[PDB]
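A.B. asks: Below you'll find the sequence and an experimental structure to go with it.
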Amino acid sequence: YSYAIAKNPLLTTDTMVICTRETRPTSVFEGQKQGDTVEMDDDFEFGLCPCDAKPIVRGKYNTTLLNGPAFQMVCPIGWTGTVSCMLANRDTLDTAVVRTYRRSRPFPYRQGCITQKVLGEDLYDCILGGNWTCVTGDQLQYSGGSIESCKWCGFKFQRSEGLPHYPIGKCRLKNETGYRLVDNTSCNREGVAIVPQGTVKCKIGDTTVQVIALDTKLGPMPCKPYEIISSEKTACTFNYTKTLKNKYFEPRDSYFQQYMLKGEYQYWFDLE
Amino acid sequence: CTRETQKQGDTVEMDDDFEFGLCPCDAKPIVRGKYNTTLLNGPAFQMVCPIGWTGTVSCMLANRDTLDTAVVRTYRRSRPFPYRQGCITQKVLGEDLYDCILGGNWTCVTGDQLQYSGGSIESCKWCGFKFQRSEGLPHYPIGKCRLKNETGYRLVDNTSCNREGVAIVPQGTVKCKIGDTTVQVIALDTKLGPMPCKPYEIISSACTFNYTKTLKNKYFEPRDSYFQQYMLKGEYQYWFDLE
Ligand SMILES: *[C@@H]1O[C@H](CO)[C@@H](O)[C@H](O)[C@H]1NC(C)=O
Ligand SMILES: *[C@@H]1O[C@H](CO)[C@@H](O)[C@H](O)[C@H]1NC(C)=O
Ligand SMILES: *[C@@H]1O[C@H](CO)[C@@H](O)[C@H](O)[C@H]1NC(C)=O
Ligand SMILES: *[C@@H]1O[C@H](CO)[C@@H](O)[C@H](O)[C@H]1NC(C)=O
Ligand SMILES: *[C@@H]1O[C@H](CO)[C@@H](O)[C@H](O)[C@H]1NC(C)=O
Ligand SMILES: *[C@@H]1O[C@H](CO)[C@@H](O)[C@H](O)[C@H]1NC(C)=O
Ligand SMILES: *[C@@H]1O[C@H](CO)[C@@H](O)[C@H](O)[C@H]1NC(C)=O
Ligand SMILES: *[C@@H]1O[C@H](CO)[C@@H](O)[C@H](O)[C@H]1NC(C)=O
């Protein structure tokens, strides 16, 4: 007997006959090509492969949701690629393309798709895709709107008081749960760094802030005192003499290492 | 006198030790010199301590009514007289001992204040205060110092009382001590400068204060209201209250 399954001195044995994509030992239907290359329109989101072929997606990223011969584009924002419908030959193992869904230019913004994703506490933009097909992406920047809180140097702030400016660092809007980048201002303020794990506690507005010194220079602290401790058990005893305005005698207060002067009197303290 | 039987005058050159002279014919001695050293009585005159003295002592003979005067003798000293033995060339004016550029004894012509060359010093008066020892002073001897063998003070140096912006004045604002001496001082400027003395009297003291934790030489904005400076020690900032 003869197999009699051929495409055109010494065949496919198929993919077409158990479909009319292509026409079908010396002594041995037509090919309907219409709709071989389908160009995906700006609003294209659903395609069905002919001859019950499997859709093979060769694109920029994964947006496709496939079921048998049918497939659907889910929020394909900026997606470029091809969706080739294929059928295999059992005896040779080679595959034949019945239809090619092509997208040569990136898809524009699809209406109803969310292009923002929250990763931890930071709100990121979706460079590619949307919804569950979103691909992150550089952190979203603050353009405007009502701010709930601002996280700077690892501390949360809700007021301009005690801060160099406002808003600072990463700030969360009342609209979103995620934080948006506002500034990259340094925590090292006049040789003092605002660090989450520090040496001394101090207050900025209403927030308890931890600080570490970089230099031992006589400089200001970027915060207000955290807690003030009154001696009432440490005692205070001192000696004083009469002097001239800003004129001092040789001894420097042993504990303070500075000439203690007020108006016309010099002081020397002793602390228990 | 040999004027009546030579009317022409005589010439006498004063020697280095010449002190006494007598005018002939009872003539009056007219002294034309550098300064007053002469002690005259009728025709006789005395050169009291002439040290550096140059001039002439002309014996002028006068008649009346005609005021015509003829010189019978001229005592002359062209070169200055050297030091006369027995004459004192130092005069005390107040407390300061001055040198005699010309003359000696009561004929002394004051010169610049005698300077200290050497010898045992009794005391040193500087800025109106007496000092007998080097402690608390910039150097010693200072200003004008009196020797043991003398009564007057000799100039040692010309160091100022006003330093560094503080005046050591006999009548001052605040009392302070230099060695063992009680010194009065006045301020010239209100600059943050040192006092040239030690405290006169130390008075011992209630005292109450507040403190917080801070970083090494790192301060919070409020300066202690009284002291007007950031009270810092190690890792703690202070704020005092004195009631
Ligand atoms: C796309 O396809 C599958 C989805 O599970 C995965 O193996 C592959 O890594 C995805 N591609 C990227 C870039 O994540
Ligand atoms: C994207 O998600 C929204 C709900 O958040 C939904 O209404 C919309 O249909 C989704 N779009 C696609 C293409 O799945
Ligand atoms: C409201 O939330 C949306 C989230 O897409 C954001 O684009 C918008 O800017 C927020 N509103 C304001 C006032 O910022
Ligand atoms: C302060 O007073 C005490 C008690 O009189 C004394 O022992 C101490 O030396 C004094 N300190 C100074 C710097 O004068
Ligand atoms: C010399 O001293 C004064 C002038 O300075 C004068 O009064 C005095 O009579 C003079 N002495 C004599 C003895 O002439
Ligand atoms: C100068 O005074 C001394 C001491 O009084 C005396 O010994 C001396 O003779 C006096 N000399 C003259 C020339 O007056
Ligand atoms: C006092 O001593 C000094 C030398 O130190 C000397 O110059 C001076 O003439 C002396 N005076 C008397 C009166 O001895
Ligand atoms: C010091 O403590 C007292 C009592 O608590 C308080 O009245 C005063 O304001 C405090 N001063 C400073 C500078 O904190």
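C.D. replies: Cool, the structure landed. Numbering: from 1, shown residues only, chains lettered A, B, ... in the order given. Ligands and ions are numbered 1, 2, ... in the order given.

A.B. asks: Contact distance from ligand 8 - what residues of chain A qualify?
C.D. replies: Applying C-beta under 6 Å from any ligand atom, one finds that chain A approaches ligand 8 through A:228, A:230. The C-beta positions use only the backbone N, C-alpha and C, and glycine is treated the same way.

A.B. asks: Chain A - how does it break down into domains?
C.D. replies: Chain A breaks down by curated CATH domains into domains covering A:35-110, A:111-227, A:233-272.

A.B. asks: How about residue A:216, nearest residue that isn't a chain neighbour?
C.D. replies: residue B:216 (4.6 Å; C-beta to C-beta, 6 or more residues apart in numbering or on different chains).

A.B. asks: Reformat the domains of chain A into a markdown table and put mean neighbour count and distance to residue B:228 next to each item.
C.D. replies: A markdown table is the format used below for the domains of chain A (neighbours: other C-beta atoms under 10 Å in any protein chain shown; distance: least, C-beta to C-beta, whole Å):
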| stretch | mean neighbour count | distance to residue B:228 |
| --- | --- | --- |
| domain A:35-110 | 16 | 64 |
| domain A:111-227 | 16 | 15 |
| domain A:233-272 | 16 | 8 |
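
A.B. asks: Mind telling me which residue of the stretch 51-200 of chain A is nearest ligand 2?
C.D. replies: residue A:131 (3.9 Å; C-beta to the nearest ligand atom).

A.B. asks: Report the contact partners of that residue.
C.D. replies: Counting by C-beta atoms under 8 Å, 6 or more residues apart in numbering or on different chains, residue A:131 makes contact with A:74, A:75, A:113, A:114.

A.B. asks: same check, this time on residue A:198
C.D. replies: By C-beta under 8 Å, 6+ apart, the neighbours of residue A:198 are A:209, A:210, A:211, A:212.

A.B. asks: and with 6 Å instead?
C.D. replies: A:210, A:211, A:212 (C-beta atoms under 6 Å, 6 or more residues apart in numbering or on different chains).

A.B. asks: out of these, which are inside strands?
C.D. replies: Of the contacts of residue A:198, the ones assigned to strands by DSSP state E are A:210, A:211, A:212.

A.B. asks: What's opposite the second one in the beta bridge?
C.D. replies: Taking DSSP bridges, one obtains residue A:194, residue A:200 as the residues bridged to residue A:211.

A.B. asks: doesn't residue A:191 make contact with it?
C.D. replies: No - in this structure residue A:211 lies outside contact range of residue A:191 using C-beta atoms under 6 Å: 10.5 Å.

A.B. asks: Can you name the residue of the stretch 151-272 of chain A nearest ligand 7?
C.D. replies: For the stretch 151-272 of chain A, C-beta to the nearest ligand atom, closest residue to ligand 7: residue A:250, 35.6 Å.

A.B. asks: That residue: what secondary structure?
C.D. replies: What DSSP: H, G, I helix; E, B strand; the rest coil gives for residue A:250 is coil.

A.B. asks: List of residues touching stretch A:13-22?
C.D. replies: So stretch A:13-22 is contacted by A:3, A:5, A:24, A:29, A:31, A:32, A:51, A:87, A:89, A:91, A:96, A:98 (C-beta under 6 Å, 6+ apart).

A.B. asks: Which parts of the stretch 1-150 of chain A are strands?
C.D. replies: A:37-39, A:46-48, A:54-59, A:64-67, A:70-73, A:81-88, A:95-103, A:116-119, A:122-128, A:135-139, A:147-152 (DSSP state E, counting those that start in this stretch).

A.B. asks: Ligand 7: which of these is closest?
C.D. replies: That would be, of the strands of the stretch 1-150 of chain A and by C-beta to the nearest ligand atom, strand A:147-152, which comes in at 81.3 Å.

A.B. asks: So which elements touch that closest one?
C.D. replies: strand A:170-173 (3 or more C-beta pairs under 6 Å, 6 or more residues apart in numbering or on different chains; DSSP states H and E).

A.B. asks: what comes into contact with the helix or strand just after the strand it packs on?
C.D. replies: Counting by DSSP states H and E, the element after strand A:170-173 in chain order, helix or strand, is strand A:179-181. Residues outside strand A:179-181 that contact it (C-beta under 6 Å, 6+ apart): A:121, A:122, A:123, A:139, A:140, A:141, A:142, A:170, A:171, A:172.

A.B. asks: need those residues in CSV with distance to ligand 3, can you?
C.D. replies: Formatted as CSV, the contacts of strand A:179-181 follow (distance: C-beta to the nearest ligand atom, whole Å):
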residue, distance to ligand 3
A:121, 17
A:122, 15
A:123, 9
A:139, 15
A:140, 9
A:141, 11
A:142, 8
A:170, 15
A:171, 11
A:172, 11
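
A.B. asks: now, the most widely separated pair of the residues you listed?
C.D. replies: A:121 and A:141 (15.8 Å; C-beta to C-beta).

A.B. asks: Quick one: end-to-end length of stretch A:137-156, please.
C.D. replies: End-to-end distance for stretch A:137-156: 24 Å, by C-alpha to C-alpha, to the nearest Å.

A.B. asks: chain center to that stretch: distance?
C.D. replies: Centroid separation for stretch A:137-156 versus its chain: 12 Å, with C-alpha atoms, centre = their mean, to the nearest Å.

A.B. asks: what does stretch A:55-65 give?
C.D. replies: Using C-alpha atoms, centre = their mean, the mean C-alpha position of stretch A:55-65 is found 24 Å from that of the whole chain.

A.B. asks: Among the ones in strands among the contacts of residue A:198, which one sits closest to ligand 8?
C.D. replies: Nearest to ligand 8 among the ones in strands among the contacts of residue A:198, with distances taken as C-beta to the nearest ligand atom, is residue A:211, at 19.3 Å.

A.B. asks: what sits against the closest one?
C.D. replies: A:192, A:194, A:198, A:200, A:202.

A.B. asks: possible to save the contacts of residue A:131 as TSV with distance to ligand 5?
C.D. replies: Shown next, in TSV, are those (distance: C-beta to the nearest ligand atom, whole Å):
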residue	distance to ligand 5
A:74	128
A:75	124
A:113	122
A:114	118
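
A.B. asks: and the residue of the stretch 101-250 of chain A found nearest ligand 6, which of the three is it?
C.D. replies: Closest to ligand 6 within the stretch 101-250 of chain A is residue A:244: 49.7 Å, counting by C-beta to the nearest ligand atom. With three-state DSSP as the basis, residue A:244 sits in coil.

A.B. asks: bridging residues for the residue of the stretch 151-272 of chain A found nearest chain B?
C.D. replies: Residue nearest to chain B within the stretch 151-272 of chain A (C-beta to the nearest C-beta): residue A:236, separated by 3.4 Å. Beta bridges link residue A:236 to residue A:271, judged by DSSP bridges.

A.B. asks: So it versus ligand 8, what's the distance?
C.D. replies: Residue A:236 sits 13 Å away from ligand 8, going by C-beta to the nearest ligand atom, to the nearest Å.

A.B. asks: Same check on residue A:54?
C.D. replies: For residue A:54 relative to ligand 8 (C-beta to the nearest ligand atom), the value is 78 Å.
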